[PDB]
Structure formats: structure tokens, C-alpha cells
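Source file: query11.txt; contents: compact mmCIF, N, CA and C atoms.
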```txt
# COMPACT_ATOMS: atom_id res chain seq x y z
N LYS M 1038 14.90 -66.75 1.53
CA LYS M 1038 16.19 -66.26 1.10
C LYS M 1038 16.11 -65.24 -0.02
N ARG M 1039 15.03 -65.22 -0.79
CA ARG M 1039 14.86 -64.21 -1.82
C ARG M 1039 14.63 -62.85 -1.18
N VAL M 1040 15.37 -61.85 -1.64
CA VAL M 1040 15.36 -60.54 -1.01
C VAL M 1040 14.04 -59.83 -1.30
N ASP M 1041 13.53 -59.11 -0.30
CA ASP M 1041 12.36 -58.23 -0.40
C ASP M 1041 11.06 -58.98 -0.67
N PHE M 1042 11.06 -60.31 -0.61
CA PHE M 1042 9.80 -61.03 -0.76
C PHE M 1042 8.92 -60.88 0.48
N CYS M 1043 9.51 -61.02 1.66
CA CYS M 1043 8.79 -60.88 2.93
C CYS M 1043 9.52 -59.83 3.76
N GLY M 1044 8.96 -58.62 3.80
CA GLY M 1044 9.54 -57.54 4.56
C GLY M 1044 10.63 -56.81 3.81
N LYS M 1045 11.25 -55.86 4.50
CA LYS M 1045 12.37 -55.08 3.97
C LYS M 1045 13.57 -55.31 4.88
N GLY M 1046 14.52 -56.11 4.40
CA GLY M 1046 15.70 -56.47 5.14
C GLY M 1046 15.81 -57.97 5.25
N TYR M 1047 16.73 -58.43 6.09
CA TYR M 1047 16.87 -59.85 6.34
C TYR M 1047 15.64 -60.38 7.06
N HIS M 1048 15.28 -61.62 6.78
CA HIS M 1048 14.06 -62.22 7.29
C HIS M 1048 14.38 -63.20 8.41
N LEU M 1049 13.53 -63.21 9.43
CA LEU M 1049 13.69 -64.12 10.56
C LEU M 1049 12.52 -65.08 10.71
N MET M 1050 11.29 -64.58 10.74
CA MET M 1050 10.13 -65.41 11.00
C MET M 1050 8.87 -64.55 10.88
N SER M 1051 7.71 -65.20 10.96
CA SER M 1051 6.46 -64.53 10.67
C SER M 1051 5.32 -65.16 11.45
N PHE M 1052 4.21 -64.41 11.53
CA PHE M 1052 2.98 -64.86 12.17
C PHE M 1052 1.78 -64.46 11.31
N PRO M 1053 0.85 -65.37 11.05
CA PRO M 1053 -0.37 -64.99 10.34
C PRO M 1053 -1.51 -64.65 11.29
N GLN M 1054 -2.45 -63.87 10.78
CA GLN M 1054 -3.69 -63.54 11.48
C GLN M 1054 -4.82 -63.47 10.46
N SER M 1055 -6.03 -63.72 10.92
CA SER M 1055 -7.18 -63.73 10.04
C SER M 1055 -7.77 -62.32 9.88
N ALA M 1056 -8.70 -62.20 8.95
CA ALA M 1056 -9.40 -60.95 8.71
C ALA M 1056 -10.79 -61.30 8.19
N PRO M 1057 -11.69 -60.32 8.10
CA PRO M 1057 -13.04 -60.63 7.59
C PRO M 1057 -13.04 -61.31 6.23
N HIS M 1058 -12.17 -60.89 5.31
CA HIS M 1058 -12.11 -61.48 3.98
C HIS M 1058 -10.67 -61.58 3.50
N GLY M 1059 -9.76 -61.97 4.38
CA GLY M 1059 -8.37 -62.05 3.98
C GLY M 1059 -7.47 -62.43 5.14
N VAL M 1060 -6.17 -62.30 4.89
CA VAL M 1060 -5.14 -62.67 5.84
C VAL M 1060 -4.22 -61.47 6.05
N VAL M 1061 -3.58 -61.45 7.22
CA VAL M 1061 -2.66 -60.39 7.60
C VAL M 1061 -1.37 -61.03 8.10
N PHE M 1062 -0.25 -60.68 7.48
CA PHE M 1062 1.04 -61.22 7.86
C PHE M 1062 1.81 -60.21 8.70
N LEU M 1063 2.42 -60.71 9.78
CA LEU M 1063 3.35 -59.95 10.60
C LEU M 1063 4.73 -60.56 10.40
N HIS M 1064 5.65 -59.78 9.85
CA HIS M 1064 7.01 -60.22 9.60
C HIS M 1064 7.96 -59.62 10.62
N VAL M 1065 8.90 -60.42 11.10
CA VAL M 1065 9.96 -59.95 11.98
C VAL M 1065 11.24 -59.90 11.16
N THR M 1066 11.84 -58.72 11.05
CA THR M 1066 13.00 -58.51 10.20
C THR M 1066 14.13 -57.88 11.00
N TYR M 1067 15.34 -58.05 10.48
CA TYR M 1067 16.57 -57.66 11.16
C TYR M 1067 17.31 -56.63 10.30
N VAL M 1068 17.70 -55.51 10.89
CA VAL M 1068 18.29 -54.40 10.14
C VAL M 1068 19.51 -53.85 10.86
N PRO M 1069 20.66 -53.73 10.20
CA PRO M 1069 21.86 -53.22 10.86
C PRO M 1069 21.89 -51.69 10.88
N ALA M 1070 22.85 -51.16 11.64
CA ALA M 1070 23.03 -49.72 11.81
C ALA M 1070 24.33 -49.48 12.58
N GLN M 1071 24.68 -48.20 12.72
CA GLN M 1071 25.86 -47.74 13.45
C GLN M 1071 27.15 -48.27 12.82
N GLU M 1072 27.40 -47.80 11.60
CA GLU M 1072 28.53 -48.23 10.79
C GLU M 1072 29.82 -47.52 11.19
N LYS M 1073 30.91 -47.93 10.55
CA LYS M 1073 32.23 -47.32 10.71
C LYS M 1073 32.92 -47.34 9.35
N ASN M 1074 34.21 -47.03 9.31
CA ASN M 1074 34.93 -46.93 8.04
C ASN M 1074 36.02 -47.99 7.89
N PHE M 1075 37.02 -48.03 8.77
CA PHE M 1075 38.11 -49.00 8.67
C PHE M 1075 38.88 -48.93 7.35
N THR M 1076 39.95 -49.71 7.23
CA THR M 1076 40.70 -49.85 5.98
C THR M 1076 40.84 -51.32 5.65
N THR M 1077 40.52 -51.69 4.41
CA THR M 1077 40.45 -53.08 4.01
C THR M 1077 41.69 -53.49 3.21
N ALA M 1078 41.68 -54.74 2.73
CA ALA M 1078 42.73 -55.34 1.93
C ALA M 1078 42.26 -56.70 1.41
N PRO M 1079 42.72 -57.13 0.24
CA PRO M 1079 42.21 -58.39 -0.33
C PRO M 1079 42.91 -59.65 0.18
N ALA M 1080 44.19 -59.57 0.50
CA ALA M 1080 44.95 -60.74 0.93
C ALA M 1080 46.19 -60.28 1.67
N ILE M 1081 46.83 -61.21 2.38
CA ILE M 1081 48.02 -60.89 3.17
C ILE M 1081 49.17 -61.77 2.71
N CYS M 1082 50.29 -61.14 2.34
CA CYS M 1082 51.47 -61.88 1.92
C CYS M 1082 52.37 -62.14 3.12
N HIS M 1083 52.90 -63.36 3.20
CA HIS M 1083 53.83 -63.73 4.26
C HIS M 1083 54.71 -64.86 3.75
N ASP M 1084 56.02 -64.69 3.89
CA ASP M 1084 57.01 -65.66 3.40
C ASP M 1084 56.87 -65.90 1.90
N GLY M 1085 56.26 -64.96 1.19
CA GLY M 1085 56.02 -65.09 -0.23
C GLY M 1085 54.72 -65.75 -0.61
N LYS M 1086 53.98 -66.30 0.35
CA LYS M 1086 52.71 -66.95 0.09
C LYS M 1086 51.56 -66.02 0.44
N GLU X 988 -41.13 -41.25 -36.27
CA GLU X 988 -40.24 -42.32 -36.71
C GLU X 988 -38.77 -41.97 -36.58
N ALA X 989 -38.45 -40.68 -36.44
CA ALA X 989 -37.10 -40.29 -36.05
C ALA X 989 -36.67 -41.03 -34.79
N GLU X 990 -37.60 -41.20 -33.84
CA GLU X 990 -37.27 -41.91 -32.62
C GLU X 990 -36.90 -43.37 -32.89
N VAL X 991 -37.59 -44.02 -33.83
CA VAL X 991 -37.24 -45.39 -34.18
C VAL X 991 -35.83 -45.45 -34.74
N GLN X 992 -35.52 -44.54 -35.68
CA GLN X 992 -34.19 -44.53 -36.27
C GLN X 992 -33.12 -44.29 -35.21
N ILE X 993 -33.37 -43.34 -34.31
CA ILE X 993 -32.40 -43.02 -33.27
C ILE X 993 -32.20 -44.22 -32.35
N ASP X 994 -33.28 -44.95 -32.06
CA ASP X 994 -33.16 -46.14 -31.23
C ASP X 994 -32.25 -47.18 -31.87
N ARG X 995 -32.43 -47.41 -33.18
CA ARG X 995 -31.56 -48.35 -33.88
C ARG X 995 -30.10 -47.93 -33.77
N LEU X 996 -29.82 -46.66 -34.07
CA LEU X 996 -28.43 -46.20 -34.05
C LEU X 996 -27.83 -46.30 -32.65
N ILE X 997 -28.60 -45.92 -31.63
CA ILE X 997 -28.09 -45.94 -30.26
C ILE X 997 -27.75 -47.37 -29.84
N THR X 998 -28.66 -48.31 -30.10
CA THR X 998 -28.38 -49.67 -29.65
C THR X 998 -27.15 -50.24 -30.34
N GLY X 999 -27.00 -49.98 -31.65
CA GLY X 999 -25.80 -50.47 -32.33
C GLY X 999 -24.52 -49.90 -31.74
N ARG X 1000 -24.48 -48.57 -31.57
CA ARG X 1000 -23.26 -47.94 -31.08
C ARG X 1000 -22.93 -48.38 -29.66
N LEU X 1001 -23.96 -48.51 -28.82
CA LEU X 1001 -23.74 -48.94 -27.44
C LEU X 1001 -23.17 -50.36 -27.39
N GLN X 1002 -23.68 -51.25 -28.24
CA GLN X 1002 -23.14 -52.61 -28.27
C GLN X 1002 -21.66 -52.60 -28.65
N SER X 1003 -21.30 -51.82 -29.67
CA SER X 1003 -19.90 -51.75 -30.07
C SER X 1003 -19.02 -51.21 -28.93
N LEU X 1004 -19.50 -50.18 -28.24
CA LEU X 1004 -18.74 -49.61 -27.13
C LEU X 1004 -18.51 -50.63 -26.03
N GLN X 1005 -19.55 -51.40 -25.69
CA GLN X 1005 -19.40 -52.40 -24.64
C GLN X 1005 -18.37 -53.46 -25.02
N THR X 1006 -18.40 -53.90 -26.28
CA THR X 1006 -17.41 -54.88 -26.72
C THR X 1006 -15.99 -54.34 -26.57
N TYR X 1007 -15.78 -53.08 -26.98
CA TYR X 1007 -14.46 -52.49 -26.85
C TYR X 1007 -14.02 -52.43 -25.40
N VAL X 1008 -14.93 -52.04 -24.50
CA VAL X 1008 -14.58 -51.93 -23.08
C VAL X 1008 -14.14 -53.28 -22.53
N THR X 1009 -14.88 -54.35 -22.87
CA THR X 1009 -14.51 -55.67 -22.36
C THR X 1009 -13.13 -56.10 -22.85
N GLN X 1010 -12.85 -55.88 -24.14
CA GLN X 1010 -11.54 -56.26 -24.65
C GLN X 1010 -10.43 -55.48 -23.95
N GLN X 1011 -10.66 -54.19 -23.69
CA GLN X 1011 -9.66 -53.39 -22.98
C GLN X 1011 -9.42 -53.94 -21.58
N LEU X 1012 -10.48 -54.35 -20.89
CA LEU X 1012 -10.31 -54.93 -19.56
C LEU X 1012 -9.43 -56.17 -19.60
N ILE X 1013 -9.67 -57.06 -20.57
CA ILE X 1013 -8.85 -58.27 -20.65
C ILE X 1013 -7.38 -57.92 -20.87
N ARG X 1014 -7.12 -57.02 -21.82
CA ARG X 1014 -5.73 -56.67 -22.11
C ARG X 1014 -5.06 -56.03 -20.90
N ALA X 1015 -5.79 -55.19 -20.17
CA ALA X 1015 -5.22 -54.55 -18.98
C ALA X 1015 -4.87 -55.58 -17.92
N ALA X 1016 -5.72 -56.60 -17.74
CA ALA X 1016 -5.39 -57.64 -16.77
C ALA X 1016 -4.10 -58.36 -17.15
N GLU X 1017 -3.95 -58.69 -18.44
CA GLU X 1017 -2.72 -59.36 -18.86
C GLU X 1017 -1.49 -58.48 -18.61
N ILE X 1018 -1.59 -57.19 -18.94
CA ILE X 1018 -0.47 -56.28 -18.73
C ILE X 1018 -0.13 -56.18 -17.24
N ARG X 1019 -1.15 -56.19 -16.38
CA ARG X 1019 -0.89 -56.17 -14.94
C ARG X 1019 -0.11 -57.40 -14.50
N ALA X 1020 -0.48 -58.58 -15.02
CA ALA X 1020 0.28 -59.78 -14.68
C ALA X 1020 1.74 -59.66 -15.10
N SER X 1021 1.97 -59.17 -16.32
CA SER X 1021 3.35 -59.02 -16.79
C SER X 1021 4.12 -58.01 -15.95
N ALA X 1022 3.46 -56.93 -15.53
CA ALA X 1022 4.13 -55.93 -14.70
C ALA X 1022 4.51 -56.50 -13.34
N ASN X 1023 3.64 -57.34 -12.76
CA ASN X 1023 3.99 -57.98 -11.50
C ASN X 1023 5.21 -58.88 -11.66
N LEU X 1024 5.26 -59.66 -12.75
CA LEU X 1024 6.43 -60.49 -12.99
C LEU X 1024 7.70 -59.65 -13.12
N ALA X 1025 7.61 -58.54 -13.86
CA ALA X 1025 8.78 -57.68 -14.04
C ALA X 1025 9.24 -57.08 -12.72
N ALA X 1026 8.29 -56.65 -11.88
CA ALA X 1026 8.65 -56.09 -10.58
C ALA X 1026 9.35 -57.13 -9.72
N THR X 1027 8.84 -58.37 -9.71
CA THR X 1027 9.50 -59.41 -8.93
C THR X 1027 10.92 -59.66 -9.42
N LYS X 1028 11.10 -59.75 -10.75
CA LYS X 1028 12.43 -59.99 -11.29
C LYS X 1028 13.39 -58.86 -10.92
N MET X 1029 12.92 -57.62 -11.03
CA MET X 1029 13.79 -56.48 -10.74
C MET X 1029 14.17 -56.45 -9.27
N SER X 1030 13.20 -56.71 -8.39
CA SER X 1030 13.48 -56.64 -6.96
C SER X 1030 14.39 -57.77 -6.51
N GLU X 1031 14.28 -58.94 -7.14
CA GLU X 1031 15.03 -60.08 -6.63
C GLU X 1031 16.41 -60.21 -7.26
N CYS X 1032 16.55 -59.93 -8.56
CA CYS X 1032 17.83 -60.16 -9.22
C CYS X 1032 18.77 -58.96 -9.17
N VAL X 1033 18.24 -57.73 -9.21
CA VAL X 1033 19.11 -56.56 -9.20
C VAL X 1033 19.68 -56.31 -7.81
N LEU X 1034 18.81 -56.24 -6.81
CA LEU X 1034 19.22 -55.88 -5.46
C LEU X 1034 19.90 -57.01 -4.70
N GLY X 1035 20.03 -58.18 -5.30
CA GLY X 1035 20.67 -59.32 -4.65
C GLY X 1035 21.21 -60.28 -5.68
N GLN X 1036 21.26 -61.55 -5.31
CA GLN X 1036 21.70 -62.61 -6.20
C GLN X 1036 20.67 -63.73 -6.19
N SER X 1037 20.51 -64.39 -7.32
CA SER X 1037 19.46 -65.39 -7.51
C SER X 1037 20.06 -66.79 -7.48
```

Would it be possible to restate this file's structure as C-alpha cells?
Amino acid sequence: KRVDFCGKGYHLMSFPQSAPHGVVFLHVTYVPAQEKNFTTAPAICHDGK
Amino acid sequence: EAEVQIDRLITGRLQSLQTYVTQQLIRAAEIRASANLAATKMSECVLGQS
């Protein structure tokens, strides 16, 4: 859950692999795209509530 | 005998230089540890929530 600890973006899962004198991590990460604009609002009033 | 005197001076100065180099290495290692901690704090607390 800590950001940027494993990969760049949201984290899903990982796989390790060996090396001659170390380890190699493969991270699977999720990244959004294709945004829009829209118009927002904080709350909706109805019947005074 | 100039060579004897020069040998004395060289060995003394070289020993002092080696001591200084070792102390610098230790201090640099400590600073590297602190820099890693600072980088982790900056990456985790600024760009998100802890």
C-alpha cells in the first residue's frame, strides 16, 4: 500500500527470479489513461437537506 | 642519509593520509544511510498518505 515502494503506480503482484549473485523482481502494475473533464460538485441539496 | 630521512617522513605522512581516508569512508556510509531514509520519507509521505 505504500506508494512507489514496488514499481511506479498501483501495485498488483510480483514474481521473483534468481541471479548469479542476487535477485530480480518482476512487478505487475496498473496505470490509468484516457481522461476527460466533466463538471463536479461537493453535495446535492434536496428538500433543504 | 637523506634517503633515511625521506623514508621516515614518507611513512609518517602516508599513515596519516590512510587514517583520514578510512574516516571519510565511514562518514560517507552514514550519510548514504540517512539519504536513503530521507528519499523513502519524501517518496512515501509527499506523493501520498501514510

Chain M: which residues are strand (DSSP E) by DSSP, as a VMD selection string? chain M and resid 1047 to 1056 1059 to 1067

Keeping only N, CA and C atoms, write the selected residues to a file as a JSON list (two decimals), in the frame of the given file.
```json
[["chain", "number", "residue", "atom", "x", "y", "z"],
["M", 1047, "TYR", "N", 16.73, -58.43, 6.09],
["M", 1047, "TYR", "CA", 16.87, -59.85, 6.34],
["M", 1047, "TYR", "C", 15.64, -60.38, 7.06],
["M", 1048, "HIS", "N", 15.28, -61.62, 6.78],
["M", 1048, "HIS", "CA", 14.06, -62.22, 7.29],
["M", 1048, "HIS", "C", 14.38, -63.20, 8.41],
["M", 1049, "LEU", "N", 13.53, -63.21, 9.43],
["M", 1049, "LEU", "CA", 13.69, -64.12, 10.56],
["M", 1049, "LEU", "C", 12.52, -65.08, 10.71],
["M", 1050, "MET", "N", 11.29, -64.58, 10.74],
["M", 1050, "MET", "CA", 10.13, -65.41, 11.00],
["M", 1050, "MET", "C", 8.87, -64.55, 10.88],
["M", 1051, "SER", "N", 7.71, -65.20, 10.96],
["M", 1051, "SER", "CA", 6.46, -64.53, 10.67],
["M", 1051, "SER", "C", 5.32, -65.16, 11.45],
["M", 1052, "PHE", "N", 4.21, -64.41, 11.53],
["M", 1052, "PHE", "CA", 2.98, -64.86, 12.17],
["M", 1052, "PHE", "C", 1.78, -64.46, 11.31],
["M", 1053, "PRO", "N", 0.85, -65.37, 11.05],
["M", 1053, "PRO", "CA", -0.37, -64.99, 10.34],
["M", 1053, "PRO", "C", -1.51, -64.65, 11.29],
["M", 1054, "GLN", "N", -2.45, -63.87, 10.78],
["M", 1054, "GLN", "CA", -3.69, -63.54, 11.48],
["M", 1054, "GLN", "C", -4.82, -63.47, 10.46],
["M", 1055, "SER", "N", -6.03, -63.72, 10.92],
["M", 1055, "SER", "CA", -7.18, -63.73, 10.04],
["M", 1055, "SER", "C", -7.77, -62.32, 9.88],
["M", 1056, "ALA", "N", -8.70, -62.20, 8.95],
["M", 1056, "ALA", "CA", -9.40, -60.95, 8.71],
["M", 1056, "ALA", "C", -10.79, -61.30, 8.19],
["M", 1059, "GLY", "N", -9.76, -61.97, 4.38],
["M", 1059, "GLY", "CA", -8.37, -62.05, 3.98],
["M", 1059, "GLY", "C", -7.47, -62.43, 5.14],
["M", 1060, "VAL", "N", -6.17, -62.30, 4.89],
["M", 1060, "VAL", "CA", -5.14, -62.67, 5.84],
["M", 1060, "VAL", "C", -4.22, -61.47, 6.05],
["M", 1061, "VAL", "N", -3.58, -61.45, 7.22],
["M", 1061, "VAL", "CA", -2.66, -60.39, 7.60],
["M", 1061, "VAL", "C", -1.37, -61.03, 8.10],
["M", 1062, "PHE", "N", -0.25, -60.68, 7.48],
["M", 1062, "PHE", "CA", 1.04, -61.22, 7.86],
["M", 1062, "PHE", "C", 1.81, -60.21, 8.70],
["M", 1063, "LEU", "N", 2.42, -60.71, 9.78],
["M", 1063, "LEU", "CA", 3.35, -59.95, 10.60],
["M", 1063, "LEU", "C", 4.73, -60.56, 10.40],
["M", 1064, "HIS", "N", 5.65, -59.78, 9.85],
["M", 1064, "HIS", "CA", 7.01, -60.22, 9.60],
["M", 1064, "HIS", "C", 7.96, -59.62, 10.62],
["M", 1065, "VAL", "N", 8.90, -60.42, 11.10],
["M", 1065, "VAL", "CA", 9.96, -59.95, 11.98],
["M", 1065, "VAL", "C", 11.24, -59.90, 11.16],
["M", 1066, "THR", "N", 11.84, -58.72, 11.05],
["M", 1066, "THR", "CA", 13.00, -58.51, 10.20],
["M", 1066, "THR", "C", 14.13, -57.88, 11.00],
["M", 1067, "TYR", "N", 15.34, -58.05, 10.48],
["M", 1067, "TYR", "CA", 16.57, -57.66, 11.16],
["M", 1067, "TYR", "C", 17.31, -56.63, 10.30]]
```

Using all atoms listed in the file, I'd like every residue of chain X that has an atom within 8 Å of chain M; please write them out as a PyMOL selection string. chain X and resi 1030-1032+1034-1037

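Counting from CA of residue 1062 (chain M), the distance to atom N of residue 1045 (chain M) is 12.0 Å.
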
Atom C of residue 1010 (chain X) to atom C of residue 992 (chain X) measures 27.7 Å

Around all the atoms of region 1060-1076 of chain M listed in the file, draw an axis-aligned box and extend it by 4 Å on each of the six sides; I want its centre and edge lengths in Å to one decimal, as AutoDock Vina command-line options.
```
--center_x 17.3 --center_y -54.8 --center_z 9.2 --size_x 55.0 --size_y 23.7 --size_z 16.6
```

In terms of the shortest atom-to-atom distance over only N, CA and C atoms, which of M:1074, M:1085, M:1079, M:1067 is closest to residue 1049 (chain M)?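 Ranked by minimum distance to residue 1049 (chain M), first place goes to M:1067.
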
One decimal, Å: what's the distance from atom C of residue 1033 (chain X) over to CA of residue 1071 (chain M), could you say?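 Separation between atom C of residue 1033 (chain X) and CA of residue 1071 (chain M): 23.7 Å.
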
Using all atoms listed in the file and a cutoff of 8 Å, can you tell me which residues are near (15.8, -59.6, 8.1) in the file's coordinates, and write them out as a list in words? residues 1043, 1044, 1045, 1046, 1047, 1048, 1049, 1050, 1065, 1066, 1067, 1068 and 1069 of chain M
